[PDB]
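Below you will find one chain, with nothing else, as structure tokens; this is the form deposited in one PDB entry, and questions on how it binds or moves follow later.
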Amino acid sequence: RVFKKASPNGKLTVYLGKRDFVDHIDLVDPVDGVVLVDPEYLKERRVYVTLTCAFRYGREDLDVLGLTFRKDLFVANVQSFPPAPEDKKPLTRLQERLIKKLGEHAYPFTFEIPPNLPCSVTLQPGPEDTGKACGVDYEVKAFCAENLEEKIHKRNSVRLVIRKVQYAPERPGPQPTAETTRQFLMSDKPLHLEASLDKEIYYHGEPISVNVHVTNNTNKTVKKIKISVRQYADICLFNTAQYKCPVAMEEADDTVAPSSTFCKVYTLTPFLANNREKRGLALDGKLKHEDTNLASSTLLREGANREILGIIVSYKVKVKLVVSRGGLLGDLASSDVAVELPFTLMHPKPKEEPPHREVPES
């Protein structure tokens, strides 16, 4: 089965074989489709197709709601009705079947998304928002006009929202481990902390288990141990911005006495049910106002990282120890100890079909 859409006039129609185009880091899946035309009612003499990755965001200074500004991250276009000699490409398996079914008045088009481009990520809108989805999204548009610069009339065009998604790697990396050794003023005996996760790659909804090991040789007791999962999102619209948002946490009232060790295993599970109120939280790209999970981690093209546009999402686990206060300095010094563990959160590769859209609808 393939998807199709028609203009409000009904004289133009574009077909797509899928909506989610997988990104293999090295190369993205081609975007292919078939356009149905009617030459008798197309005295415009041209039909154009267009692919556009655009950052869309709602203004804060402007009082009017719904209105949003946009910036093009990548734009491509194609001739389809008059067969362009330069745009000759071999037809894909589905495209030639679509041609054979629809007949003479149906023409193909193909794009190739270049690597190092943002994946579809939607920032979570607050309860006061009513406009279109914010963040990075892709859109395929087909229209008819005597020229590129001619004013576009919605009546004579179509548009579909498509996504560029990534799935978990086939082989996990080394087990993430991290440790720190705080040394206090009172004595030359250090406070030692270690942590590690079971594995590098976690799936959405899978519980994250954190191992904590403490060796307290100092004279200060540990009051509390705090574990949290934080979502790091980097935005490169005009200038690099950085924000951190916690998505799950656990505070344990465990204490470590001087000259004693301590070991425990904590469990966490980031999920969206208890994060509904966090405006600006990054979520996986939406085609419409449906519900989607927390944004999956973005895989960078090894050591390229050429300040990728759009949004880059990553996760870490922070283990923090609350240390008692007093003595000479009291409340003035910073006595806490902390360490962070990075990890990856992603979907596994689906067997046959693209992700579905709220399978049982309300």
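Whichever C-alpha set is largest while still superposing within 1.5 Å between the two forms counts as the rigid core. Throughout, we count residues from 1 along the sequence that is shown.
One more form of this protein exists, namely the form deposited in another entry; it is left out here, but the text below deals with it.
Of the residues 115, 246, 131, 169, exactly one exceeds or equals a 2 Å C-alpha shift between this form and the one not shown once the rigid core is aligned, and that residue is 131.
After superposing the rigid core, the C-alpha of residue 327 moves by 2 Å or more between this form and the one not shown. Figure legend: C-alpha atoms of residue 333 and residue 182, shown here, are separated by at least 3 angstroms less in the other form.
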